[PDB]
Structure formats: C-alpha cells, structure tokens
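Only one structure is covered here, and it is reproduced in the block below.
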Amino acid sequence: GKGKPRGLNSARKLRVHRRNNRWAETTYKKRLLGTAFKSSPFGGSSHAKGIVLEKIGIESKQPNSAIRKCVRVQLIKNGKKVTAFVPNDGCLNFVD
Amino acid sequence: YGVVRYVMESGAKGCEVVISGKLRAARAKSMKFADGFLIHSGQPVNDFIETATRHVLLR
Amino acid sequence: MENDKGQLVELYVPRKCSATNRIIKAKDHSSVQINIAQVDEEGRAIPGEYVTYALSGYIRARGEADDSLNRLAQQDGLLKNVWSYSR
Amino acid sequence: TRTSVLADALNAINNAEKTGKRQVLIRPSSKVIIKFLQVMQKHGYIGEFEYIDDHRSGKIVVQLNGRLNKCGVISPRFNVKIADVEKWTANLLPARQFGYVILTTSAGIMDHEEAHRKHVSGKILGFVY
Amino acid sequence: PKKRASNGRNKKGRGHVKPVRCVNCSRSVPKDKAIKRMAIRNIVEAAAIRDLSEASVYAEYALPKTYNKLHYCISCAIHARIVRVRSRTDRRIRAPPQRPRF
Amino acid sequence: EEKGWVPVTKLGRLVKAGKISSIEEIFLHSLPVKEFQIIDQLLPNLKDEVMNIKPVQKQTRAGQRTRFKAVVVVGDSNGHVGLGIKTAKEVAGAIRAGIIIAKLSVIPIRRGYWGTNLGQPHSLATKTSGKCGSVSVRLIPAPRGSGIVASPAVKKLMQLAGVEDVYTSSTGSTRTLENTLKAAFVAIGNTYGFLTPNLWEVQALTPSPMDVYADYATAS
Amino acid sequence: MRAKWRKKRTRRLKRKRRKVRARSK
Amino acid sequence: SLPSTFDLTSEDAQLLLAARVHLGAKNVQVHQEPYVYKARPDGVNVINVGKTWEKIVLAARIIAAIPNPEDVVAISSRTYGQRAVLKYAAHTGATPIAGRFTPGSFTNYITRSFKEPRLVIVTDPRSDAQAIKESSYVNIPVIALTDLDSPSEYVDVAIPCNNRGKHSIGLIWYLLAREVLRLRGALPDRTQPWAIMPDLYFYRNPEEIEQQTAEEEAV
Amino acid sequence: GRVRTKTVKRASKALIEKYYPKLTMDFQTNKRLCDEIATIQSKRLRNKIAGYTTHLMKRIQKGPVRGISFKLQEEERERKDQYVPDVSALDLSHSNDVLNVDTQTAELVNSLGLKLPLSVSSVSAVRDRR
RNA sequence: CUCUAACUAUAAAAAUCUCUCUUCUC
RNA sequence: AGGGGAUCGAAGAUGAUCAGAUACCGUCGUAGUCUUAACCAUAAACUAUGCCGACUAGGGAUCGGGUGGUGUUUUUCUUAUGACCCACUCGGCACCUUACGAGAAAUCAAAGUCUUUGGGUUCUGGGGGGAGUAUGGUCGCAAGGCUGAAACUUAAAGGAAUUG
Ligand SMILES: [Mg+2]
Ligand SMILES: [Mg+2]
Ligand SMILES: [Mg+2]
Ligand SMILES: [Mg+2]
Ligand SMILES: [Mg+2]
Ligand SMILES: [Mg+2]
Ligand SMILES: [Mg+2]
Ligand SMILES: [Mg+2]
Ligand SMILES: [Mg+2]
Ligand SMILES: [Mg+2]
Ligand SMILES: [Mg+2]
Ligand SMILES: [Mg+2]
Ligand SMILES: [Mg+2]
Ligand SMILES: [Mg+2]
Ligand SMILES: [Mg+2]
Ligand SMILES: [Mg+2]
Ligand SMILES: [Zn+2]
C-alpha cells in the first residue's frame, strides 16, 4: 500500500528507517552532532561575558536605511570574537 | 447614499454623486455612488440631467 | 435519535433512495420522486391515489435510473416482464 | 500475489457498495471471509450471501441492502489486549453507539462487544459500521 | 507542466526512434515528432498546362506528377507556416483541417 | 420595514400562502430554495456574523480594480446553518449579498449524543469530515460540556449551528478562511448524510408538498 | 548560469587542483 | 395490476411496426439498454416492441398522476420531433418547448420563459442534453424517448424507440398522448382508435408544405 | 456605413408585427403611417424607421422571413399545420397490404403472441463497403 | 439515401535602462 | 591499442555580420563518427508516474493468438488453406467521453478504491543557497563515477492557475 512495510515482524526496518530519516531535520542533527558545543560562539550557553575590542556601527539592508550601533566583543570563555548589538537609543555611549 | 436614496425617492430616473478629495486618507481619492442610469452625450445631457458642483471645507 | 424518555429529537427522518436504500440529502439537487398513478378496472387513472418511488441523484447521474425504476415497477406489479433479474 | 485474502474481499465489498450495487463476487472464499460475513449478517450490515463450491477454494456471492457503508481490514492482525479494545474502537468506529471491530479470539471470530462480553480478546481482523 | 499528454512525439512505447533531418534547416529530429507533409503536385502547373498541351507530341500525353514527403523541422514548421499555434482547447483536435476542398 | 415579496417560485407561493409550516418539509423533499424570504419566513431568528472581509484585486490596464469578498455565516443555534460567500464592489453590498446567499443555502444538521442519551443532543452523531481546496476538516463527537474545541471561525460556525460540544481537527492550509469554513460546512451538512443503525427502517414516502398543494401555486 | 556550465567550471577548478596535487604528490 | 385491456393490441403493434420503430436501433449498442432483442445480421439491432409499449403505458401512468396538466413540459430541439410535441401539447394539457430550448429555463427564475414543471418529456437525450441538465439542477423527472444508442444519464423512465425517422417519433407521441387521455378519462373507452390520425404528429418539411399548398391552390 | 442600429430595427419589427394590414409597399405612405401610429421624437429617426419598415415589408412580400411574425402569417402557419391527409400513410395501405420485415422481427411478432400479416425477407448480412 | 482529387512559392541588423508602492470599515 | 578513412564535422584555418564576434551564416578541416579486443557506467537513461495483486465506467477502433459462423470473394471441377466480413475471448502499445471519484490545480480510468485514514514490499525527500562542494573511503590508466556534510547566509526559493 504505502512505502513503509506493514508486517507484524517489521519493527527493525521501521525503527532504522525512522532513525536514518531523523537526520533530515535540523534540530535533531544539531542536537546529536552537538555542533553547538564545538562550532557556535557559545557551547549551549544562553549568555556569555566578553571584552569590548572596538566600537563599530553596521549599516542596514536595502529596505531599511540606518546604521545600527554594534560592538565587537572577544569572548572570555574561549577567546572567540563576535559582533554584538547595543539595543536601545542612547546606549552606545554607555558602553565604553 | 442617503442623498441618492432621497433623490430616487423623489421620482428621478437616476442619480449620481462624486465625492473627491482626502477621504480619511492623505492621498487623494474619488468615490462614485450611483443608481439608475445617467446619460452623457447629446443635449439630453442638457435637457434632462442637471448637475451641481460644490466645495466643502474640512480641517 | 431517541431521547431516554422516548421522545424523538431528530429534526426529520430523511427519505431513502428506493433503489439503493441510501438516504437523500437535504440539498441533493439531482434526486427525483416519481409518482405512478393507480389504474382501476376500466383504465381510469384514479385521482389522488398512486405509488411513489424516490430515486437518488447518484444512480441518476450514473445512468441506471431507468433500469432501477424498471425493476422497482416490475416488483410491485406495474410492468409485465420488462426487467429480467438475470442478465 | 494475493497476500491478505480478506482484504480483497472487503475491498470488493466496499467498491460494490460505493457504486450502489446489491451483489459482490468474492473469489477466494476462505474460512475467515465466511466468518466475517456471518458476523456482518448477524448485525445486519449485509444481506444473504452464498458459497459456490469450485473444488478450488470456492467463491462467494454476497447480497447487500445498502445498509453498510464501509468494511475494512486491519491488515497487520495486531495482538489486541483487552485494555486496547477501547482504543481501537475510538480510532476506527465513528461513534460509540454503533460500529463493530471484528476481531479474532481464541473463542472464534467475534465482534468487539461480544468479545468484551466473554471477557476475552485476541487479534484484530477488521471493522464494520 | 505537461502542455501535451502525448508529449508531442507520438511514441508511447518505444523509448527511441531513429531521427530524420529537416528539409529546411537540417535539424536532427525524431521521425515521429518531425512533421511530415506529403507534397504531391503537378510537374507542370496550371500556368503552363495549355502551353505544354499545344506544344507536345504524343497527343493526350498524361503528364506525370511529382511526389515528395517533406520531413520538416519543428521551428521551421512554425516559421514556414506549415503548422500553427492553436487554442489550448483546440490542441485536442488531431483531425486534419477538414478537407480543404471537396 | 417595507417588504412586499411577490413570490416568483412555486415554493415561494406556497410559503407565502402559509401552506408549508416547517422548514423540515423543505429539507425532506430536497426542494430547491431560490427566494431568501422563504428562509426568513420559516426561521424568524436567523442570526449572522461576518466572518471575514477580504480585498481581492484584478489587474487591468489602468490600476487594480478591487472588490471585496464577504464570508457570512447565518443560523439559529438550533440545528440550521448557511454559509454565504460573496464578492461585490462596496463592502456593505458585499455583506448584504453574502447574508442573502447564506440564507439561500441554509442546511439542516444531525446533532447526536457522545455517550448515553439524557437530554437534548449536545454533540454530533458520528465523526464527519469535509474537504475544500486543500483544507480538510474533521469533526469528532465530544463528551458533554467539553466546549467547542475548534479554531475561532469554526467555533463560531458551530455556535451558530447549535452544536455545543465537539472536537475538531483541520489539515492543510486552514489559513484561508473561505476554504476552512466551506470544509466545515461540508462536514456539518454531511452529518445528515451518514446512514446509522437508528436510521435503518424505511418510511412511506409522504407525497411532496407541491404535489398535494399544487393548486395554490401557478398564479393565475 | 546553467547547471551544466557551473558543473563544467567546477570540473576545471578540479583540473587545476588535481594537477597541483599531482605535481606535489 | 393493469387489467388485460392494457395489453399490446394487434392494431397498435401493427402501427408500431409500420412506423419502423423496431427496425433501427444502431449498428452499435450501450449496455444501459437490455431492450434489444435478436441483433439482426444486417447489424441493425431490433428493439423489443412489447417493452417499448410497456414503457409507453408506464410513462402515461406517470403523466396522468400529475394533478395539474401544465406541469408536464415536453421538449424537442431536433426538427423531426418538433411538430408532434406541439400537437401533443394541443391535446394533453402540456406545455411545449419547440426548437431552441433556452438555457436557464428551469434554474433561472428571471427569464420570461421560466417554466417550473413537475415532469419533463424529452425527444432525444443526445440533442436535448441542456434540458436534461436543467432538469437535474431542479429535481425534475425526465421521460426521454431514448434510442438504444442515446445516453441514459439523468434520464428516468425511457421509452425505447427510433430517433432517426420521423414516423417513429410522431407515432410514439401519438401513443403517449392517446394513453394519457385514456387514463385521464377524456377519451371514454380504450378500444376505439381515437379517429384523429398518426400523420398529424409526423414531420413536415417546408418544401412539402409548399408543395401541398400548391396542390391545394391549383383549384 | 449605414447599419440601422437597434432602435430602428426593433421599432420596425414591432411596427410590422402590430400593423401589417395597414402597412404598404410605398415609402411615403408608410412614413405617414409611422407619423400617425407611432410617436417618433425626431424626424430623421422617423425616416430611418419607415425606410427599414419598407425594406422588411418588401422582404416579407418576397416570402416568409425569420424573427418577425403577425396574425396573418401565424394563422397561415397554423392552417398548414392542421393539414392531415385523408388517405392513410400507414396500416399497409401501400404495398398491397403487405409489410416487409426480416426473420428477427418476425420472431418478435411471433413471441409477442400476435398474428400480423408479415413478409419475410433476408437482409443480406453482407454490408456495403461505403 | 450511395462517394478519396488538387496543389506550391519570404528567414539581413537591433546592446542597455537610476527612484516609488500607499487603510478598507455598514 | 590494431584496422579502415566516404560523408558530416569538437578543435583549428579562414571569408563575412558587428562597436567588438577567435558566436550564429560560409568554405576547408584533424580527433571523432564505422569497426575487433580492453575500459567507461553517466543522460530531460522521462510515462519526470517502482514492482506484484484485487476491485471500480461507458465507446470504438489496433497488434498477436484462439474460438464460432449455414457469412463474402476467392479456384484447384467442389472443397483445404489463405484473404476479408460478423460475434466473442485472452494478452499488449494505445485512444475518446465523463465525474459519479482524486487532486493546490494543469490534469489522472489511474495520479481512483486516503481523516469512512492498514493487500505485500523496495528506494527516496523534510525551506532556499552553500552543494552533489570539501574531506575520508572506494572504483577508473585518465576522464570521472558511487558514497557524501558542516561552518555560514537567507524569508523566502518553488508548483498550478487567473487578469493585465
Ligand atoms: Mg446613449
Ligand atoms: Mg453621439
Ligand atoms: Mg512552458
Ligand atoms: Mg507532433
Ligand atoms: Mg514494451
Ligand atoms: Mg584509432
Ligand atoms: Mg570557429
Ligand atoms: Mg572572423
Ligand atoms: Mg560552422
Ligand atoms: Mg566539409
Ligand atoms: Mg543521475
Ligand atoms: Mg529519474
Ligand atoms: Mg534543505
Ligand atoms: Mg541542489
Ligand atoms: Mg576523493
Ligand atoms: Mg509558474
Ligand atoms: Zn527545421
């Protein structure tokens, strides 16, 4: 009828088929490969401290014309460098 | 629509109203309300259909 | 259909196709109800007395309405050997 | 290859009912088909069927009366514990007031209500309503 | 999407046929997709039938015809007016354009 | 208000004469309703609710000619629903013609019992379903007082129906409101399309109201 | 671009990289 | 059941044979019609005239049951059976629709030709498909003069006869009207041949009507 | 480019269908008739109406034409319709009271339980090549 | 209710385009 | 690698068209096209529809086989064939109509018998791009084939159809 087998003794291929198909997702692949710990700036970390290296502003896309006030920060936990956003209006001067 | 309804209630064979301007928007737009039939060519335009133009001042 | 007191709660019992026993939808706008007049001894159609057959829209659309009516009229003694039960 | 013969029988019944007919010709005609149709007769979803000896697995001619609306086999005859009967009835039957999960117990092929009355349960064959 | 359930080829059960060349542009086109037109005509047209009849020995000489099956390309067939674009409900019709003359 | 309603249909003539008393006679013989005033006469208390107003545009050489599609649901919360969908220039006219169609397309529904029967039916009789576009709606009976477990539009449709408890499950692009409401309408009108053991015995085929009362039609 | 010519350009890049590796293998 | 007075009288069967009702059905056949009998070696199936007459009397029974005469509406688009329909509507209190049947004549209530009948009689389903669809949309029975080759979709009780000869259609309409009038009681007894003639329902080409007028105006 | 649009054609059609006995072949007489029996506002439209009325009258005089009808033509059509030949075209008035049927319909007559005067003739099952 | 006949025959060149999109409620 | 070597023709040689034209038009033209051995294993390798099995709807034709005709010409006096004609059946590439079924539709007689969801079974996909790329295997003389991600980026990309 359908692609999957249906017999009472076909649990093995059903399970391994689901197990091979699960890698098609992105969340499952990230969770099992554990790419968050190895590659992301934080390893499964909601927050992280860092040191401000310099004080940059980055232009927006086409439909939006402005310069969003960012800041380049080197993370202290591992040493990676990432740009970050200073959210509100007059907060750029607040962070030295 | 009340004006059109009253006019057609009076026995008229057709009424029409154009309201042009800034109808609740910055950009201009013209609304057209009509009922019956209004001719447009030949002095029947002068013999039967009578027109009126007015300006209304808003804020 | 029946409340525990025994009082009917259905809005209406629907008619059923007299040829396929399937119910007739309220908005089944293809189904028909044929009336066949009863005939007395001298061939006078007795008025107001007849027999009704409700043919569904499905068989009519399929193309078997006339055959079903043939069989149904033959069963109730209207037509003589117009329909054979063995094809 | 005809694997589940009861599947062919019930599929033929469904096709010959949806088109509105009053008869079906089921070819292979095993025990299980006979018991299934006998249960359907007992509950009225079917009319007056007939076994035609072939010396060759026989055949069956089934008479209908339009009262049925769907047969159907659960092709993997799952082992159904007495606790899971209600689960199957909820998943298959359209309402609790009627419908019957025809299932095969050690006490024969029976409708789910009768099996629950005997307090015995086995594998599931199909469903009728 | 399928513009043609027949895919234009008119093959339905062969997989591959031997291509033929276009008469105009010499396009290697499959023999079933290629449009074939049987040009049967008069070796001398009506413009000179009288002249040939008056100036020919063998009185009542049945003049010969000339036969050629032309295997057009398909771009050529659109361009050389041989075949024409049709309405989507008109593409259904495969009968030739109704006997030009009776 | 001002309403004369000269009847142009034999059904309308019979209704105006007062010869058809209940809408069940209209639904039973599958009569064709073409005058909305018949439905107004038979069901005096058909409430409505404008489900959605949608601007739909056609691209012409000059600008974009825009109309409005109104999705109106009419009913009496006692087992009668209708779903009108209309397109018109002015929104008010769109809603008027939409309610007008909805009244034309009234339909009866078969409310049933989830378990044992104690009072009036509270849910549907069986599981039902419908499909319009890619939207398939599945209505499933629910125990008493379980509410209407449905999306707001379908919930309002059931409330207009009179179904007080029901479970629902929708599959597809249920985003589009017209498709979802049409699928739900198909299901709830299919509820009277399911043969059930309590509906097996045959009846006598009572003669059609326009056969017994053909004289009062045919305005002479 | 066509997938054909993107594939061909990839093949030519592989040409250069293969000869470079072969010279240094 | 029907008294034996309603059997196939010899003269009526003779008339049915004479008008070549049976002779032609088709060189082909559709299994919706087991009205065939003894496919002729000429490849022109014969139609069981007894079955045709049973269908005729059944249709007469259906028509006579309608309490108000003018809710029987008889359609004919093809020429061969136009006049007969008119003639039928003359004797039985039916409503004719000859020539073109305007679409929307049953659904659309705004047309000035909007007739809302309780029964429709059709001379040929293949030609009057529009009338059949209109009857479908408004729950109307269709008594169609189907041939053994005409389609039987949305077609109720179907008189099996010929549609390729004017004689067959004219005489079929004769028999239908005659039996309806006998059933009603306007015609006293169902044995006398109802003196008016079968040729009254036959087709008349304008060429032959002009020829007949010329023969009439010669003196 | 004289095409005589809707108004003149419809008005002339109604004029013929309601006043054929009074209309004539002549343009001027029909012009006066149009003046008296119909209130045409202008006079150019009156003249166009009378001209098309004369044209339609001439066509009718040539013979019967589609669309328009009147009392005389409808009465003549009904009279020609009521024509029924006194002599019989059926019941074997021709062919010396003999009808020609093949074997199959003869067996039909036989099995029906009826005895009609028949004449058997084989139908030569060989079919024409057309 | 009987039927398979007429016909030809055009391919020169032509690349590119800076804004901006705006509500339907009786 | 060995054989051939006509035609046509990657490269190339030019003559034109153009602003450029080592492109399309044209004339020559090696490799190739043709083959005997040994490799290659990829194609819009397409019916873009996996295989086996059952059932569901009407209409004609067509190919292979087989049955019957009190059938027709055939001629070898008659017959036997053959060739047709009519009817039926099995199998095949197919086709027309229709929705009463299915689909987002174009459409499909299977893409039906699927929310009334289960006949058996294999392979594949989980937004687009990166990318069928890198790497690691493995096959290949080589060309390349099989297997085959991520980092990162993105709010769409895409399907069918409607009006312009
Ligand atoms: Mg004007
Ligand atoms: Mg002007
Ligand atoms: Mg395209
Ligand atoms: Mg082609
Ligand atoms: Mg093959
Ligand atoms: Mg070599
Ligand atoms: Mg070159
Ligand atoms: Mg050059
Ligand atoms: Mg070249
Ligand atoms: Mg060369
Ligand atoms: Mg590949
Ligand atoms: Mg592929
Ligand atoms: Mg992806
Ligand atoms: Mg890709
Ligand atoms: Mg590698
Ligand atoms: Mg597209
Ligand atoms: Zn070409």
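Cβ: placed from backbone, ideal geometry, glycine included. Neighbour counts: every protein chain shown. Throughout, read-outs are computed from the coordinates displayed, never taken from laboratory work.
Where residues in segment E:4-31 are charged (D, E, K, R) and either within 14 Å of chain G (Cβ to nearest Cβ) or within 20 Å of E:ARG91 (Cβ to Cβ) (or both), which of them is nearest to ligand 1 (Cβ to nearest atom)?
From segment E:4-31, those charged (D, E, K, R) are E:4, E:9, E:11-12, E:14, E:18, E:21, E:27, E:31; that's our starting set.
Going one step further and asking which of them are either within 14 Å of chain G (Cβ to nearest Cβ) or within 20 Å of E:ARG91 (Cβ to Cβ) (or both), we end up with E:4, E:9, E:11-12.
Details: E:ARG4: 48, E:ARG9: 56, E:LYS11: 59, E:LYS12: 58 Å.
Among those residues, the one meeting the criterion is E:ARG4.
Output the residues belonging to segment F:110-132 that are within 14 Å of F:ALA187 (Cβ to Cβ) and small (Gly, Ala, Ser).
Residues satisfying the conditions are F:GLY112, F:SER123, F:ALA125, F:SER129, F:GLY130.
Starting from residues that are in a loop (DSSP other than H, G, I, E, B) and touching a helix residue (DSSP H, G or I) at 6+ places or on another chain (Cβ under 9 Å), keep the ones in segment D:84-113 and report whichever is surrounded by the fewest Cβ atoms within 10 Å (Cβ to Cβ).
The extreme case among them is D:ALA107.
Would you check if C:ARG44 is surrounded by 21 or more Cβ atoms within 10 Å (Cβ to Cβ) and either within 7 Å of another protein chain (Cβ to nearest Cβ) or of a type in the set (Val, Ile, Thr) (or both)?
no
When you scan segment C:19-41, how many residues do you find that are within 22 Å of C:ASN70 (Cα to Cα) and at the interface with another protein chain (Cβ under 7 Å from one of its Cβ atoms)?
So the answer is 14.
Hey, among the residues in segment E:20-45 that are more than 13 Å from RNA strand K (Cβ to nearest atom), outside any loop (DSSP other than H, G, I, E, B) and not charged (D, E, K, R), which one's surrounded by the most Cβ atoms within 10 Å (Cβ to Cβ)?
Step by step, filter segment E:20-45, then rank; the result is E:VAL29.
So which residues in segment H:198-209 are surrounded by 10 or more Cβ atoms within 10 Å (Cβ to Cβ) and more than 9 Å from chain I (Cβ to nearest Cβ), if there are any at all?
Our first condition is that a residue be surrounded by 10 or more Cβ atoms within 10 Å (Cβ to Cβ); within segment H:198-209, this holds for H:198-205, H:208-209.
The answer is H:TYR201, H:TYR203, H:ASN205, H:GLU208.
Going through segment I:56-96 one residue at a time, which ones are among the acidic types (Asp, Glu) and away from chain H (no Cβ under 11 Å)?
I:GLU74, I:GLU75
Kindly list the number of the only condition in (1) surrounded by fewer than 24 Cβ atoms within 10 Å (Cβ to Cβ); (2) hydroxyl-bearing (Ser, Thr, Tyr); (3) in contact (Cβ under 8 Å) with a residue 40 or more places away in the chain that fails for H:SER136.
(3)
Quick check on my filter: what residues within segment E:70-97 are β-branched (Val, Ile, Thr) and in a loop (DSSP other than H, G, I, E, B)? Walk me through how you get there before you give the answer.
From segment E:70-97, those β-branched (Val, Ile, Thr) are E:74, E:78, E:82-83, E:85, E:89, E:93; that's our starting set.
Listed by number, the residues that qualify are E:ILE74, E:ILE82, E:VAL83, E:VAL85, E:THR89, E:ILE93.
Could you give every pair whose Cβ atoms fall below 6 Å, whose first residue belongs to segment E:24-41 and is touching a residue at least 40 places away in the same chain (Cβ under 8 Å), and whose second residue is within 10 Å of ligand 4 (Cβ to nearest atom), counting only separations of at least 6 or pairs across chains?
Matching pairs, first to second residue: E:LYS33/E:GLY8; E:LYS33/E:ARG9; E:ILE35/E:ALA77; E:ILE35/E:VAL83.
Can you tell me which condition I:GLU107 does not meet? The list is (1) in a loop (DSSP other than H, G, I, E, B); (2) within 16 Å of RNA strand K (Cβ to nearest atom), and all the others hold.
(1)
Which number in (1) in a helix (DSSP H, G or I); (2) over 20 Å from the mean Cα position of the chain (by Cα); (3) closer than 30 Å to D:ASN65 by Cα marks the one condition that F:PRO207 misses?
The number of the failed condition is (1).
Hey, among the residues in segment B:25-59 that are more than 14 Å from every other protein chain (Cβ to nearest Cβ) and basic (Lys, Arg), which one's nearest to ligand 4 (Cβ to nearest atom)?
Looking at the filtered set, the residue picked out is B:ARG54.
Scan segment E:68-87 for residues that are away from ligand 4 (no atom under 16 Å from the Cβ) and surrounded by 10 or more Cβ atoms within 10 Å (Cβ to Cβ) and report the count.
Number satisfying all stated conditions: 1.
With respect to E:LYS36, is the statement that it is among the charged types (D, E, K, R), within 24 Å of E:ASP90 (Cα to Cα) and within 16 Å of RNA strand J (Cβ to nearest atom) true?
Yes: the conditions hold for E:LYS36.
Of everything in segment H:143-162 that's free of Cβ contacts under 8 Å to residues at least 40 places away in the same chain and more than 8 Å from every other protein chain (Cβ to nearest Cβ), which residue is farthest from F:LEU11 (Cα to Cα)?
Selected residue: H:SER150.
Give me a count of the residues in segment I:19-44 that are under 15 Å from I:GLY67 (Cα atoms) and either without any contact (Cβ under 8 Å) to a residue 24 or more places away in the chain or of a type in the set (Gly, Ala, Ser) (or both).
Within segment I:19-44, residues that are under 15 Å from I:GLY67 (Cα atoms) and either without any contact (Cβ under 8 Å) to a residue 24 or more places away in the chain or of a type in the set (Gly, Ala, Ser) (or both) number 0.
Which one of F:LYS89, F:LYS131, F:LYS155 is touching a residue at least 40 places away in the same chain (Cβ under 8 Å) and basic (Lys, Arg)?
That would be F:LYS131, the only listed residue that is touching a residue at least 40 places away in the same chain (Cβ under 8 Å) and basic (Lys, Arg).
Has segment F:66-78 got at least one residue that is surrounded by fewer than 16 Cβ atoms within 10 Å (Cβ to Cβ), more than 16 Å from ligand 1 (Cβ to nearest atom) and more than 14 Å from chain C (Cβ to nearest Cβ)?
Checked against the condition, which is being surrounded by fewer than 16 Cβ atoms within 10 Å (Cβ to Cβ), more than 16 Å from ligand 1 (Cβ to nearest atom) and more than 14 Å from chain C (Cβ to nearest Cβ), segment F:66-78 yields at least one hit.
Mind checking which residues of segment E:1-38 are of a type in the set (A, V, I, L, M, F, W, C) and within 16 Å of ligand 17 (Cβ to nearest atom)?
Hits for segment E:1-38 are E:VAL20, E:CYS22, E:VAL23, E:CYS25, E:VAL29, E:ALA34, E:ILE35.
Which of the residues belonging to segment F:93-148 are more than 14 Å from chain D (Cβ to nearest Cβ), in a loop (DSSP other than H, G, I, E, B) and of a type outside the set (A, V, I, L, M)?
F:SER105, F:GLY119, F:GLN120, F:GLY133, F:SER134, F:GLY145, F:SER146, F:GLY147
Any chance segment H:53-67 includes a residue that's more than 27 Å from C:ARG71 (Cβ to Cβ) and of a type in the set (D, E, K, R)?
No, segment H:53-67 has no match at all.
Can you find a residue in segment H:172-186 that is in a loop (DSSP other than H, G, I, E, B) and within 10 Å of chain C (Cβ to nearest Cβ)?
yes
Return the residues of segment H:151-161 that are surrounded by 24 or more Cβ atoms within 10 Å (Cβ to Cβ) and either over 16 Å from C:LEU55 (Cβ atoms) or within 9 Å of the chain's Cα centre (by Cα) (or both); say none if nothing qualifies.
Matches in segment H:151-161: H:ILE159, H:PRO160, H:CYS161.
Just for segment I:102-122: of the residues that are more than 7 Å from chain H (Cβ to nearest Cβ) and of a type in the set (A, V, I, L, M, F, W, C), which one is surrounded by the fewest Cβ atoms within 10 Å (Cβ to Cβ)? Lay out the reasoning, then the answer.
From segment I:102-122, those more than 7 Å from chain H (Cβ to nearest Cβ) are I:103, I:106, I:109-111, I:113, I:115, I:117-122; that's our starting set.
Checking which are of a type in the set (A, V, I, L, M, F, W, C) leaves us with I:106, I:109, I:118, I:120.
On the way: I:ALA106: 16, I:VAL109: 21, I:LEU118: 17, I:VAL120: 11.
Filtering first and then ranking leaves I:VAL120.
How many residues does segment A:16-47 contain that are within 11 Å of RNA strand K (Cβ to nearest atom), over 11 Å from the mean Cα position of the chain (by Cα) and closer than 14 Å to A:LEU75 by Cβ?
0
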